[PDB]
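One chain is shown next in structure tokens, namely the form deposited in one PDB entry.
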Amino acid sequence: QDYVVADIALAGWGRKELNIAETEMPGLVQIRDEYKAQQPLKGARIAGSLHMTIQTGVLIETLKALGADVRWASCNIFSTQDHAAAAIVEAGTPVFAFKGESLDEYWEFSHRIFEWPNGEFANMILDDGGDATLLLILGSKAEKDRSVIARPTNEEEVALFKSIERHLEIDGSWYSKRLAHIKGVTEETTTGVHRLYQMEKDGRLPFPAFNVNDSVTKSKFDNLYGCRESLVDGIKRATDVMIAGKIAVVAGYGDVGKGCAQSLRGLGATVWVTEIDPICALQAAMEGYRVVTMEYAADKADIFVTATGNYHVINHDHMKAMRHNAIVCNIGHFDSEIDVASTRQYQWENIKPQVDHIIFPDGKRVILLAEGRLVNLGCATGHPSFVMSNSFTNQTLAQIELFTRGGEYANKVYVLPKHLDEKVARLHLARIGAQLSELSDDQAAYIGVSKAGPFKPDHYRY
């Protein structure tokens, strides 16, 4: 069995949910129809490391419909949907992923996506978080200098370092010969992208890399629209609270905060915003939101939402000043936006999964969601498929561009070209009934663009 999944019997269920997801992921489905004849990924052998969910499944089969051969693993030990994995295997793709897998299994499975049968090699990486890429790069270094895997600080490292030693025993140059076949990497997260920029700095980047995280279509959907669609859903599943008439404070008015504010206001909450950036604060104010400090908000608001990407924006003294049964949640950085640690010295009482009462020295209670982790993933189900369709359609056009024209690119990190970012948007228009107009020749000349785009300058903010 060239796969490791929870239970292949879950395949039929997975296929039914794939069939449903496809309708909500028109960008991916339309790429299949458009590039059918050309088979642009014929000859591509893609190693993929990305949350093994139903939506990722639609991406896998798009890559296959375009001609790719694919091996897949999850980028997280808990994010796999076992029935999705099952259905993808049943359809003929090696998957090494199950929910609740150990760290040892995680790093093993990250090797498996790079062990192709019949003397073959992966020639593309599709990554989320950069673990797959990190494995080849660090393993290659360990070949020359074992010391780099000699002193593991944490738990993830013990498992990573150990897995590398195990493969160096199979083949003393296990990693470098595999790295030599990679034609391109496409990466979609902030952390993965930071890692690539550092490799480039260190002269350690041996192929072109596409930063897809910073495209307009990916960032708007992943940040603004995705969280707008999901904040209130998580709050309601957890608490069933009435939103109308409540004071809700959103910390941060970037893309995530903008979406949060908009959804809360759409239900009749009074929305306050906190900010450290005066441009963002002024944007919030021009939408009729009151811009306040968290000190001011702390004893007044009913609902607190953190969207700053920063550290301890809701702190011990804020919570201490809070109203009884104030609801506190986080939709920003995966942790530490709220100082949950500083409340651990007080009585807690579980209300239900991902919902807890914290009881302060005076008997005043606060309701905390997902233990200060991401409310949209802990109390709801994360981004809807249409949102993920925009992210994954980016990843797909990036794979096509590097596999197909990667020789035109240096061994550097590149943001997706505007014309492909525009194409991502265009691929989603028919689903939602939007009719795109066309410039005439005179009009294209008049505003100084090609009829085919790109339509805006690189500095354009949308």
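Residues carry their position along the shown sequence, with the first being 1.
*Asks:* So 433 to 441 or 420 to 428, which one's hotter by mean CA B-factor in the entry?
*Replies:* Higher mean C-alpha B-factor: 433 to 441.
*Asks:* Look over 85 to 93 and 237 to 245 in the entry and identify the one with the greater average Cα temperature factor.
*Replies:* Mean C-alpha B-factor is greater for 85 to 93.
*Asks:* In this PDB entry, which of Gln347, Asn310, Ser102, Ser342 has the top CA B-factor?
*Replies:* Going by the entry's C-alpha B-factors, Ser102 comes out highest.
*Asks:* Compare the CA B factors listed in the entry for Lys364, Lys201, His357, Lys258 and report the winner.
*Replies:* Checking the PDB record, the top C-alpha B-factor among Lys364, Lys201, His357, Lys258 is at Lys201.
*Asks:* Mind checking which third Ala380 falls in for C-alpha B-factor across the chain?
*Replies:* Middle third of the chain for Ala380's C-alpha B-factor.
*Asks:* Could you tell me which third, lowest, middle or highest, the C-alpha B-factor of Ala285 occupies within its chain?
*Replies:* Answer is lowest: the recorded C-alpha B-factor places it there.
*Asks:* Please place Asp299 in the lowest, middle or highest third of its chain according to the CA B-factor in the PDB entry.
*Replies:* Ranked within chain, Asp299 CA B lands in the middle tercile.
*Asks:* Can you work out whether the C-alpha temperature factor of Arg112 puts it in the lowest, middle or highest third of the chain?
*Replies:* Middle third of the chain for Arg112's C-alpha B-factor.
*Asks:* Ranking every modelled residue in this chain by its Cα temperature factor as given in the entry, which third contains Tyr225?
*Replies:* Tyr225: CA B-factor falls in the lowest third of its chain.
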